[PDB]
Amino acid sequence: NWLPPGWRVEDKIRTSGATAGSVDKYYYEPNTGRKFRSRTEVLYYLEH
DNA sequence: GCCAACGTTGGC
DNA sequence: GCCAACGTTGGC
């Protein structure tokens, strides 16, 4: 994508409820493994 | 207070 | 209706 080196993205499928079958993505910072739950939040972190 | 789970919201 | 960013919230 436009992500830097060592950034991992993970799909998690919603298993239950009305939204079941929906996918949420999560972003992992390379050498810290810190977790962000959107693209707006990650590029903000990288921009500041 | 953190956060995983699932809900809500509005531009498309 | 889809998408996905973001609201909420109860169990830890």
Side-chain angles (χ1 to χ4, degrees), chain A residues 1-11 13-38 40-48:
Chain A
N1 241 315
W2 46 261
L3 271 167
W7 274 83
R8 338 150 202 156
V9 66
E10 300 197 352
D11 293 6
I13 301 196
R14 306 204 175 184
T15 231
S16 98
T19 55
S22 290
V23 184
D24 310 280
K25 302 195 164 64
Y26 304 100
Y27 306 84
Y28 294 91
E29 166 169 48
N31 286 299
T32 85
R34 163 185 187 171
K35 186 185 190 158
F36 308 85
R37 72 193 194 119
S38 86
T40 66
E41 274 181 15
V42 42
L43 56 95
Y44 181 93
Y45 167 76
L46 295 180
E47 274 169 7
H48 304 65

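Throughout, protein chains are lettered first and strands after them, A, B, ... in sequence-line order, and every chain is numbered starting at 1.
- Contact annotation: A/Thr19 side-chain N/O to B/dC6 OP1/OP2 distance is not under 4.0 Å.
- A/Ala18 comes within 4.0 angstrom of the backbone, heavy atoms only, and of no base.
- Side chains of A/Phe36 and A/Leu46 form no contact here, defined as non-hydrogen atoms less than 4.5 Å apart.
- Distance A/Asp24 CG to C/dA5 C1': 10 Å, rounded to the nearest Å.
- The CZ-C1' distance, from A/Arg14 to C/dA5, rounds to 11 Å in whole Å.
- By the side-chain contact (heavy atoms from CB on, under 4.5 Å) test, A/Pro5 is found to be paired with no residue, residues two or more places apart in sequence or in another chain being considered.
- Distance CZ (A/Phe36) to P (C/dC6): 13 Å, rounded to an integer number of Å.
- Side-chain contact between A/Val23 and A/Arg14 is absent, with no heavy atoms from C-beta onward closer than 4.5 Å.
- Counting only heavy atoms from C-beta on, A/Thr15 has its side chain closest to B/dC6 among B/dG7, B/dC6, C/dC6.
- Checked against side chain to side chain donor-acceptor pair (under 3.5 Å), A/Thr32 has the following partners two or more places apart in sequence or in another chain: A/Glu29.
- The side chain of A/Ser16 places an N or O atom within less than 4.0 Å of a non-bridging phosphate oxygen (OP1 or OP2) of B/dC6.
- A distance of 12.0 Å separates CZ of A/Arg8 from CG of A/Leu3, quoted to the nearest 0.5 Å.
- Looking at heavy atoms from C-beta onward, A/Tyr27 lies out of side-chain contact with A/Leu43 at the 4.5 angstrom threshold.
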Dump every N/O contact between nucleotides 2-4 of chain B and the protein below 3.5 Å, one line per pair.
unit_1 : atom_1 : unit_2  : atom_2 : d
B/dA4  : OP2    : A/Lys35 : NZ     : 3.2

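- Residue A/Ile13 contributes atom CD1, which lies 14 Å from atom P of B/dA5 at whole-angstrom precision.
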